[PDB]
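The structure appears right after this line, and notes come after that.
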Amino acid sequence: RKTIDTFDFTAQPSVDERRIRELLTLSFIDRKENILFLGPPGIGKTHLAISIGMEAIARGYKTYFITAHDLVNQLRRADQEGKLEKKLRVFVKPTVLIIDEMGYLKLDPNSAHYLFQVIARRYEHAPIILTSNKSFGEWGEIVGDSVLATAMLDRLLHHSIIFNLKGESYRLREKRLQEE
Ligand SMILES: Nc1ncnc2c1ncn2[C@@H]1O[C@H](COP(=O)(O)OP(=O)(O)O)[C@@H](O)[C@H]1O
Ligand code: BEF
Ligand SMILES: [Mg+2]
């Protein structure tokens with residue numbers, strides 16, 4: 001549970017606080033816009049995603065957080081038990097779905113399509129907030145199918161607000177400060 005008020009914009013100058021404050025108005029929800037935070041590990045992607053989610057919850061919007069690998073794996077099981085459609089509603093019903101950590105783990109090519117279904121069903125219905133360390137061109141490798149990746153991104157990116165973050169890891173930052 002992280003909020004915008006604990007985010008140090010001096011330590012992370014690659015993100016414009018103004019743009020983030022625009023997100024916190026939650027305008028993106030009615031505009032059906034997805035929010036994407038991209039960049040290397042530890043730079044505040046998940047922090048910012050959770051901050052927006054926390055604002056949504058406070059403003060009365062149902063919000064759900066899950067990593068990409070967990071989402072794919074859970075939907076796989078639900079499908080094996082002939083209850084795919086029921087698990088799908090869990091990820092489609094929330095007004096704001098945060099799909100965290102897209103791209104560290106290559107997804108089972110046999111299960112990558114579960115992610116497409118969530119994206120396709122939420123498409124032009126309810127926002128997805130996504131964090132990833134990979135460029136869009138690398139998504140083919142993640143899902144094990146360049147064609148499926150293009151289809152996913154076509155929907156995801158159509159109505160979207162993209163943040164490309166940079167900088168040194170805040171994790172290693174805090175580690176230095178202790179040592180020093
Ligand atoms: N500018 C920042 N200001 C305050 N805390 C930060 C900042 N960037 C990262 N953190 C914190 O460092 C840790 C790593 O940030 P995180 O967003 O989880 O990394 P990632 O970009 O890989 O998702 C978290 O605990 C986060 O709250
Ligand atoms: F390590 Be971060 F979640 F990309
Ligand atoms: Mg993260």
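Each chain in the structure tokens gets a letter, A, B, ..., in the order shown, and its residues are numbered from 1; ligands are numbered from 1 in order too.
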**Q.** DSSP-assigned alpha helix (DSSP H) members of region 4-164 of chain A, reported as a VMD selection string
**A.** chain A and resid 17 to 23 27 to 30 45 to 58 68 to 80 84 to 92 112 to 122 139 to 143 146 to 158
Put those residues in a file: C-alpha atoms, as a PDB file, in the first residue's frame.
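Below you can see again_16.pdb, which holds the result:
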ATOM      1  CA  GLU A  17       4.379  14.848 -11.269  1.00  0.00           C
ATOM      2  CA  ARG A  18       1.779  16.820 -13.269  1.00  0.00           C
ATOM      3  CA  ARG A  19       1.031  13.863 -15.539  1.00  0.00           C
ATOM      4  CA  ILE A  20       0.618  11.668 -12.465  1.00  0.00           C
ATOM      5  CA  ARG A  21      -1.748  14.171 -10.857  1.00  0.00           C
ATOM      6  CA  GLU A  22      -3.817  14.016 -14.047  1.00  0.00           C
ATOM      7  CA  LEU A  23      -4.090  10.236 -13.586  1.00  0.00           C
ATOM      8  CA  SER A  27     -10.464  10.688 -15.886  1.00  0.00           C
ATOM      9  CA  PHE A  28      -8.829   7.714 -17.622  1.00  0.00           C
ATOM     10  CA  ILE A  29     -11.536   5.397 -16.257  1.00  0.00           C
ATOM     11  CA  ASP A  30     -14.438   6.830 -18.277  1.00  0.00           C
ATOM     12  CA  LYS A  45       6.518   1.500 -11.739  1.00  0.00           C
ATOM     13  CA  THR A  46       4.605  -0.696  -9.291  1.00  0.00           C
ATOM     14  CA  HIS A  47       4.574   2.095  -6.694  1.00  0.00           C
ATOM     15  CA  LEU A  48       2.864   4.469  -9.124  1.00  0.00           C
ATOM     16  CA  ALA A  49       0.439   1.790 -10.336  1.00  0.00           C
ATOM     17  CA  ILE A  50      -0.592   1.015  -6.758  1.00  0.00           C
ATOM     18  CA  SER A  51      -0.893   4.728  -5.963  1.00  0.00           C
ATOM     19  CA  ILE A  52      -3.460   5.134  -8.732  1.00  0.00           C
ATOM     20  CA  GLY A  53      -5.266   1.993  -7.604  1.00  0.00           C
ATOM     21  CA  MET A  54      -5.439   3.333  -4.063  1.00  0.00           C
ATOM     22  CA  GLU A  55      -7.026   6.554  -5.319  1.00  0.00           C
ATOM     23  CA  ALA A  56      -9.549   4.520  -7.310  1.00  0.00           C
ATOM     24  CA  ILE A  57     -10.453   2.449  -4.250  1.00  0.00           C
ATOM     25  CA  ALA A  58     -10.813   5.606  -2.143  1.00  0.00           C
ATOM     26  CA  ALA A  68       0.934 -11.253 -15.100  1.00  0.00           C
ATOM     27  CA  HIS A  69       2.337 -14.705 -14.321  1.00  0.00           C
ATOM     28  CA  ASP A  70      -0.207 -15.249 -11.524  1.00  0.00           C
ATOM     29  CA  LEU A  71      -3.076 -14.153 -13.783  1.00  0.00           C
ATOM     30  CA  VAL A  72      -2.076 -16.554 -16.544  1.00  0.00           C
ATOM     31  CA  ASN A  73      -1.560 -19.437 -14.132  1.00  0.00           C
ATOM     32  CA  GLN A  74      -4.832 -18.915 -12.271  1.00  0.00           C
ATOM     33  CA  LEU A  75      -6.869 -18.743 -15.478  1.00  0.00           C
ATOM     34  CA  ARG A  76      -5.159 -21.896 -16.715  1.00  0.00           C
ATOM     35  CA  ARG A  77      -6.318 -23.879 -13.677  1.00  0.00           C
ATOM     36  CA  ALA A  78      -9.842 -22.449 -13.895  1.00  0.00           C
ATOM     37  CA  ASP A  79      -9.958 -23.675 -17.502  1.00  0.00           C
ATOM     38  CA  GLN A  80      -8.750 -27.157 -16.548  1.00  0.00           C
ATOM     39  CA  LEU A  84     -12.690 -20.506 -17.127  1.00  0.00           C
ATOM     40  CA  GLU A  85     -15.588 -18.112 -17.652  1.00  0.00           C
ATOM     41  CA  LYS A  86     -16.024 -17.753 -13.879  1.00  0.00           C
ATOM     42  CA  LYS A  87     -12.367 -16.863 -13.232  1.00  0.00           C
ATOM     43  CA  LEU A  88     -12.444 -14.498 -16.177  1.00  0.00           C
ATOM     44  CA  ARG A  89     -15.179 -12.445 -14.504  1.00  0.00           C
ATOM     45  CA  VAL A  90     -12.887 -11.937 -11.511  1.00  0.00           C
ATOM     46  CA  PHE A  91     -10.428 -10.067 -13.737  1.00  0.00           C
ATOM     47  CA  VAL A  92     -13.042  -8.433 -15.994  1.00  0.00           C
ATOM     48  CA  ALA A 112      -0.371 -16.684 -22.960  1.00  0.00           C
ATOM     49  CA  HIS A 113      -3.760 -16.569 -24.664  1.00  0.00           C
ATOM     50  CA  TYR A 114      -5.442 -16.244 -21.269  1.00  0.00           C
ATOM     51  CA  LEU A 115      -3.876 -12.792 -21.007  1.00  0.00           C
ATOM     52  CA  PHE A 116      -5.280 -11.886 -24.415  1.00  0.00           C
ATOM     53  CA  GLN A 117      -8.795 -12.796 -23.269  1.00  0.00           C
ATOM     54  CA  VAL A 118      -8.571 -10.477 -20.251  1.00  0.00           C
ATOM     55  CA  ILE A 119      -7.196  -7.651 -22.395  1.00  0.00           C
ATOM     56  CA  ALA A 120      -9.798  -8.238 -25.125  1.00  0.00           C
ATOM     57  CA  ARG A 121     -12.742  -8.299 -22.719  1.00  0.00           C
ATOM     58  CA  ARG A 122     -11.615  -5.233 -20.746  1.00  0.00           C
ATOM     59  CA  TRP A 139       6.335  -8.828 -26.163  1.00  0.00           C
ATOM     60  CA  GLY A 140       6.534 -11.544 -28.811  1.00  0.00           C
ATOM     61  CA  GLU A 141       9.260 -13.217 -26.760  1.00  0.00           C
ATOM     62  CA  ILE A 142       7.246 -12.892 -23.544  1.00  0.00           C
ATOM     63  CA  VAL A 143       4.107 -14.597 -24.882  1.00  0.00           C
ATOM     64  CA  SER A 146       4.767 -12.393 -32.088  1.00  0.00           C
ATOM     65  CA  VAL A 147       1.369 -12.441 -33.802  1.00  0.00           C
ATOM     66  CA  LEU A 148      -0.567 -12.856 -30.559  1.00  0.00           C
ATOM     67  CA  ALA A 149       1.535 -10.112 -28.957  1.00  0.00           C
ATOM     68  CA  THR A 150       0.626  -7.702 -31.757  1.00  0.00           C
ATOM     69  CA  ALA A 151      -3.059  -8.534 -31.311  1.00  0.00           C
ATOM     70  CA  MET A 152      -2.768  -7.931 -27.546  1.00  0.00           C
ATOM     71  CA  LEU A 153      -0.967  -4.628 -27.902  1.00  0.00           C
ATOM     72  CA  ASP A 154      -3.365  -3.401 -30.593  1.00  0.00           C
ATOM     73  CA  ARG A 155      -6.145  -3.480 -28.005  1.00  0.00           C
ATOM     74  CA  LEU A 156      -4.024  -2.463 -25.025  1.00  0.00           C
ATOM     75  CA  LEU A 157      -2.419   0.528 -26.753  1.00  0.00           C
ATOM     76  CA  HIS A 158      -5.446   1.863 -28.653  1.00  0.00           C
TER      77      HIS A 158
END
Q.
Residues contacting ligand 1 - anything with an atom at most 12 Å away, using only C-alpha atoms and all ligand atoms - can you give me those as a PyMOL selection string?
A. chain A and resi 1-17+36-51+67+98-104+130-134+163-175
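The two atoms in question, CA of residue 35 (chain A) and CA of residue 62 (chain A), are spaced 16.4 Å apart.
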Q | Minimum-distance residue to ligand 3, chosen among A:24, A:96, A:161, A:66 (using only C-alpha atoms and all ligand atoms) | A |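 So, comparing all the options, the nearest one is A:66.
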